[PDB]
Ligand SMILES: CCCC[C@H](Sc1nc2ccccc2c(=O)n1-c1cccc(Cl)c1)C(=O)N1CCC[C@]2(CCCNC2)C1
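Encoded as structure tokens, the following chain is the form deposited without this ligand, with no partner shown.
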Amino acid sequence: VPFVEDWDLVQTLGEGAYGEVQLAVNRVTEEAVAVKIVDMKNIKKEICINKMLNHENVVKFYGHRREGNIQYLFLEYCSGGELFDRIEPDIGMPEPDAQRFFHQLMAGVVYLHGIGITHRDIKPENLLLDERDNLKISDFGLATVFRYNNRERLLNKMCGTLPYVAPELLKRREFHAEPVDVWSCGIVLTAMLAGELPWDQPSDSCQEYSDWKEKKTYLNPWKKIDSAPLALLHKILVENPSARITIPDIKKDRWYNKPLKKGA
């Protein structure tokens, strides 16, 4: 079929350090894809990790091409945009939506962790929604292998985004990958339920973080959150990463299993 490899770029979807992401539409089929365009003047690793990924809650990778100094990643277009834009400032979103989004997020992270990949920068700006509002984990530019040949490697690079990063990343030279991703998922949950982030960063020098360690949940954001999801947050946002709830145990949590939401 003539012309089937032609794509028109129609709209910018995001424009950061890497470069930009465009919406592309096929000339013949009108299929939509996102094209991540990165000027090489690291992404090799992003591409490599993207090649390993196949899951309903992870943004699908279709292929890549390099023309001179530009690398072009061809990726799943998520027409719902970012989770970020479903969070009303100071309010959040209805608890049943947040629970469904949280379930999907967990399914995506379980998958990643199971293939030995940590994302390292989970946040609402990176969590995309498809036309059916299914959540998809995007942007593996900071991601890395933490398990290979069934052997764990400890991380040491500080990366991520400060309000979402776990406290051990600021305190310890080395740390386990999985608890850091669990922590960031807890901050995402807080944001969905309160429409605000609890602190600038999880440091002993940050007053809001201290108030949380002192269990002052009569303060915001925590007073906005129902006791059931709040009990889960108490198990996720635990300073000692060895004492922090694991994902198999999040799946046993009372709120995680509470019926809330009707089908579409």
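From 1 onward, residues are counted along the sequence shown.
The protein also exists as the form solved in complex with this ligand; that form is not presented, and the subsequent description refers to it.
Put simply, of 135, 177, 191, 185 only one has a heavy atom within 4.5 Å of this ligand in the entry with it bound, and it is 191.
Only one of 204, 226, 56, 200 comes within 4.5 Å of this ligand in the entry with it bound through a heavy atom, and that residue is 200.
Stretch 123-131 is the answer when you ask which of 123-131, 95-103, 149-157, 168-176 has residues with heavy atoms within 4.5 Å of this ligand in the entry with it bound.
In the entry with it bound, residue 87 approaches this ligand with a heavy atom inside 4.5 Å. When contacts are judged by a 4.5 Å heavy atom cut-off, residue 163 counts as touching this ligand in the entry with it bound.
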